[PDB]
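Trainee: Here it is, the structure in full.
Nothing in this text is a laboratory measurement; each read-out follows from the coordinates by a stated rule.
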Ligand code: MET
């Protein structure tokens, strides 16, 4: 059956944006030459694909950054591994909206006692708190690779309430809160207007932790899928695919190969 078919790979992804479709189209097209067939399982929530991969419902996934992976392994006693890097996806603080329009043109306009929604998984929660500091809204007593929670807020001059919600729910909150940090995987399908960005995460040598990856089981190299996974990586790391991602996700996803 499929799990023991050397020429089929089942890939776990989030609900596909148009740019996701186009890039996986090109990968598929390139993999015909190798007689590999791709199948996709789409997930709606970040807690799902690593569970599905451990359970062997999928052969690899392509949805997360290194941090999320390491953290997920820890919370779950998992042993999933990184097989390759894909793109980085600098995250934004987006203005809350009223009848669809931005309430604020810059972070400094966020009112005293206002509310900001962020992801509630350790690594994206922390990522978002670092963006708030960069946007000039808060100060943290922790720096660099060190994880942050609300407990690390040592300055909050506008007395903002930080509402920790699921990464999948930050977008939905924008109509109810003053601003939210929203992963692009969610921001694009929610059809958020990116003019409402009040701050875009910066990319430096310290951003390797937010590089997205393809993940597999620890023993994938001894599995029926080893050859197909290697071929998939070669197909992903082409100019053809790099061009597709840059064209269709310029400023959203940036290939790192
Ligand atoms: C599930 S960890 C977050 C991954 C998302 N694609 C990002 O780079 O923000």
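Trainee: What length, rounded to one decimal in nm, is gained on full extension from residue 240 through to residue 143, with 0.36 nm per residue of separation minus their alpha-carbon distance?
Mentor: 31.1 nm
Trainee: Most fluctuating residue of 119, 189, 49 in a GNM of the chain with Cα springs under 10 Å: which is it?
Mentor: Evaluated over the chain, the most mobile residue of the options is 189.
Trainee: Which angle between 0 and 90 degrees, to the nearest 10, do you get for helix 226-236 versus the longest principal axis of the chain when only C-alpha atoms count?
Mentor: 50
Trainee: Still on this structure, I have one more. Taking the 0 to 90 degree range and rounding to the nearest ten, how far is the long axis of helix 239-249 tilted relative to the main principal axis of the chain, both from C-alpha atoms?
Mentor: Value to nearest ten degrees: 30.
Trainee: Two decimals is fine: what is log10 I(q)/I(0) at q = 0.13, 0.17 Å⁻¹ for the range 206-257, from a Debye sum with one equal scatterer on every Cα and no solvent?
Mentor: Here log10 of I(q) over I(0) equals -0.42, -0.67.
Trainee: For the chain, what is the convex hull volume of its Cα atoms per residue in Å³?
Mentor: Measuring per residue, one finds 116 Å³ for the Cα hull of the chain.
Trainee: So what are the radius of gyration and Dmax for the Cα set of the range 54-116, in Å?
Mentor: Every Cα atom of the range 54-116 included, Rg and Dmax give 18.5, 48 Å.
Trainee: Now a separate question. Using Stokes-Einstein with the Kirkwood hydrodynamic radius over Cα pairs, what translational diffusion coefficient do you get for the range 92-201 at 10 °C and a viscosity of 1.306 mPa s, in µm²/s rounded to a whole number?
Mentor: Stokes-Einstein gives a translational diffusion coefficient of 117 µm²/s.
Trainee: In whole percent, what relative contact order does the chain give with Cα contacts below 8 Å and a gap of six or more residues?
Mentor: 32
Trainee: Here is a follow-up. How much length, in nm to one decimal, is gained on full extension between residue 108 and residue 134, taken as 0.36 nm per residue of separation minus their Cα-Cα distance?
Mentor: This chain segment gains 8.1 nm when fully extended.
Trainee: Here's another thing I want to ask about it. Mind pulling the angle between the C-alpha long axis of helix 66-76 and the longest principal axis of the chain? Nearest 10 degrees, somewhere in 0 to 90.
Mentor: That works out to roughly 80 degrees.
Trainee: Now for a different question. Mean separation of Cα pairs under 8 Å and 6+ residues apart, divided by the residue count of the range 92-201: what relative contact order is that in percent?
Mentor: In percent, rounded to a whole number, it is 45.
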